[PDB]
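Below, read A as the first sequence line, B as the second, and so on, with proteins coming before strands; counting in each chain starts at 1.
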Amino acid sequence: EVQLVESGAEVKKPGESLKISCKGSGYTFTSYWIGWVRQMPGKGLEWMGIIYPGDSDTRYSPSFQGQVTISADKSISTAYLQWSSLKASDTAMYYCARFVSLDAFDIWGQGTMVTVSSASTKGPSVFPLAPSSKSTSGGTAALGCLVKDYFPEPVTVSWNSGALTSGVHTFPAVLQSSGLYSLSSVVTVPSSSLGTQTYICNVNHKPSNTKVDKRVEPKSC
Amino acid sequence: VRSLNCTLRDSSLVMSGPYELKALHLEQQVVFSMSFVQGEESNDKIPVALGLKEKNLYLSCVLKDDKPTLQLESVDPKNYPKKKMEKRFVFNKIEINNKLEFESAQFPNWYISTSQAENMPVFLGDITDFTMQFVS
Amino acid sequence: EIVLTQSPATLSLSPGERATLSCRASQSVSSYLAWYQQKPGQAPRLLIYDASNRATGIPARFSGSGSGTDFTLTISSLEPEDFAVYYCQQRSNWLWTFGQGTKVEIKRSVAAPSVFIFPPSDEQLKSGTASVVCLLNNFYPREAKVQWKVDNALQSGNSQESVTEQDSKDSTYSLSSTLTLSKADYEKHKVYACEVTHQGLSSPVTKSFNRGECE
């Protein structure tokens, strides 16, 4: 297969240097231009720069001239992108892609996420969101878990160990002014199950090596 | 295969994008690595292929839509250049008087060609003839 | 300077409908215009090159056309996996740009949210903090207004929200809003209310609770 493989997700502090990599296989790396593309959270694609690996001919976008360096090692079939001093605003997904003569990017890497924060890795506290009369409609009850104050992304949530998937909504995280994230997961159930069936959210945060299981109890109100 | 490094000028060429050439007036000119390749030799016409010096891109001729067309094309440096070049890469170098012409082997009577105007691309079809400046 | 501008920003259409997406260059350009698809959670992939040529593997329902300044991507009949973000792109010399993107979204009938509110956990109160969550479940369209009121003072600056992607089963959104207070500020006040306004509701809905009522 023709392929470009990027390096893994980076979480760095501001002021730190960083180099990410993009490695091709299944074709001659030296014969095709390779671009780097930025995508900020929720935003569009922005072209950063381009390099011909054979001779390392490099052209930059005017808005990225002098903010980054793009390099290549033909012996490893690898192109690179690097910063000297990261800021928070560099937080984005970065793609590498091959640009062919028919005038398109025809093969893309899987992307590498870069998150720049001064926050330290921290596992979440997990709080129940109890079902009650305040969360009932038409024979059904909503309940959840609030997953608060973790860093960095991501957390995954399951319910009853994956036995319960219907009616589950797990929301995107919000970044608090804290610099720590928070998210909720909810599920809606038959209100007639509240007395008979226990509900547990299973909360994983791989970065902090934490897994928390929190039983969610009905509240009489 | 025998290669020389050389340039071309009109009656200059530059790499204006990643797979594009343009012709204009003056020293960031494109240096070609010219190679003599198998084909049909006769009075003052030698088969040639044009590549870029230290880039694995070679000029080639294809049908886009249904008209022959000039493009820079990516090739494996291990396999290229070779003596039996593929016809698309094959240019019939023709010298008359003091001027050269390159004619697509794949499509006879189609030539490497430049506009009269400044900063226009190089194309297959208007100046069909050229000057070569051989270099170190 | 060459700018590509896409329209519309959000193209809401039914599954099975034909979709036309527009990309306009600020100045006339060669027809070497590419179109990419980015499925949610994924890398972009090439769909069309040189305005009208499908890339290898791309299903036949995708087409492109246009020249000069005016370019279109057409999907002849939308399938669930077509609902995604699309970008056009071109290169003039050593400059490459992209359109800003069009999100193809699933049009469906209006659905009002079910509004639920969750008072603070006892566990969280110990810790020193009170988070009150307002849930809006399975509504359409995306636009909704959530307001927080504590003893009727309209709150500002102490809440955040987020919205899920369209549900794979009913094409709705769900939204979560969190009001966060210090335990100190929470014990001062009595009534906590989430007020929700949306096209499916004939009047706004207010879910509320009193600091002492849930245990």
Side-chain angles (χ1 to χ4, degrees), chain A residues 54-55 57 101, chain B residues 1-39 41-75 77 79-86 88-136, chain C residues 30 93:
Chain A
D55 66 349
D57 196 334
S101 44
Chain B
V1 197
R2 221 194 81 199
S3 296
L4 313 175
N5 299 330
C6 70
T7 48
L8 284 141
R9 263 196 212 166
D10 253 1
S11 310
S12 285
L13 305 195
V14 306
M15 157 153 268
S16 61
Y19 301 92
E20 285 59 54
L21 293 176
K22 272 184 192 188
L24 72 139
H25 252 289
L26 298 150
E27 72 240 63
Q28 65 229 354
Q29 221 207 316
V30 202
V31 193
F32 301 87
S33 168
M34 190 172 307
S35 283
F36 304 87
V37 296
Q38 223 133 7
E41 183 167 349
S42 86
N43 178 4
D44 240 351
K45 92 218 77 67
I46 187 102
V48 67
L50 298 175
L52 270 35
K53 193 201 176 181
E54 274 164 51
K55 280 193 174 79
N56 301 318
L57 299 170
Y58 277 81
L59 291 163
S60 57
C61 298
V62 300
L63 292 157
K64 277 193 173 290
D65 309 354
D66 71 318
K67 193 180 71 153
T69 31
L70 181 67
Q71 49 113 11
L72 278 170
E73 182 196 318
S74 286
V75 283
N79 295 322
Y80 289 79
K82 55 173 76 265
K83 229 313 246 226
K84 175 215 60 47
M85 287 298 292
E86 291 74 0
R88 56 189 194 271
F89 304 111
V90 179
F91 292 99
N92 288 154
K93 197 167 76 63
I94 296 150
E95 206 165 332
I96 307 281
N97 188 45
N98 260 9
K99 285 303 194 293
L100 278 175
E101 287 170 344
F102 305 86
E103 173 190 9
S104 172
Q106 208 82 268
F107 321 95
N109 302 121
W110 290 67
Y111 301 76
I112 289 153
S113 320
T114 68
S115 300
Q116 290 218 288
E118 204 88 41
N119 283 38
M120 310 275 293
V122 178
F123 54 107
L124 200 74
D126 277 13
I127 303 160
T128 52
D129 77 330
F130 303 82
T131 337
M132 174 151 40
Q133 293 81 31
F134 295 94
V135 299
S136 300
Chain C
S30 67
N93 302 318

| message | So for atom NZ, which belongs to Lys67(B), do other residues, nucleotides or ligands contribute more than 12 heavy atoms lying within a distance under 6.0 Å? | response | no

| message | Would you say that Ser101(A) contacts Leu72(B) through its side chain, given a criterion of any heavy-atom pair below 4.5 Å between the two side chains? | response | no

| query | Should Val122(B) and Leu13(B) count as side-chain neighbours, where that means a heavy-atom distance under 4.5 Å? | reply | yes

| request: Before giving the answer on salt bridge (charged side-chain N to carboxylate O under 4.0 Å, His left out), spell out for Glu73(B) and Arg88(B) the whole-Å C-alpha distance, their side-chain angles and the decisive distance to 0.1 Å. | output: CA-CA 10 Å; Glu73(B) 182 196 318; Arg88(B) 56 189 194 271; 3.5 Å; yes

| field | Sidechain N-carboxylate O distance under 4.0 Å for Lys22(B), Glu118(B) | value | no

| request: With the side chain counted from C-beta on, respond yes when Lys93(B) and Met132(B) share a heavy-atom pair under 4.5 Å apart, and no when they do not. | output: yes

| Do the side-chain N and O atoms of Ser3(B) and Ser35(B) include a donor-acceptor pair separated by under 3.5 angstrom? | yes

| said: Could you check whether any side-chain heavy atom of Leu50(B) comes within less than 4.5 Å of a side-chain heavy atom of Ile112(B), counting everything from C-beta outward? | reply: yes

| query | Can you check whether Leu57(B)'s main-chain N or O pairs, donor with acceptor, with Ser74(B)'s side chain at less than 3.5 Å? | reply | no

| Can you tell if the side chain of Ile94(B) reaches within under 4.5 Å of the side chain of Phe102(B), non-hydrogen atoms only? | no

| request: Side-chain contact test, heavy atoms from C-beta onward, threshold under 4.5 Å: evaluate it for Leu21(B) versus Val30(B) and give yes or no. | output: yes

| said: Around atom CD of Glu20(B), are there more than 12 heavy atoms from other residues, nucleotides or ligands closer than 6.0 Å? | reply: yes

| message | Can a donor-acceptor pair be found, under 3.5 Å and without considering hydrogens, that links the side chain of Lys55(B) to the backbone of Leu52(B)? | response | no

| request: For residues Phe89(B) and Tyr80(B), establish whether the separation of their ring centroids is below 6.0 Å. | output: yes

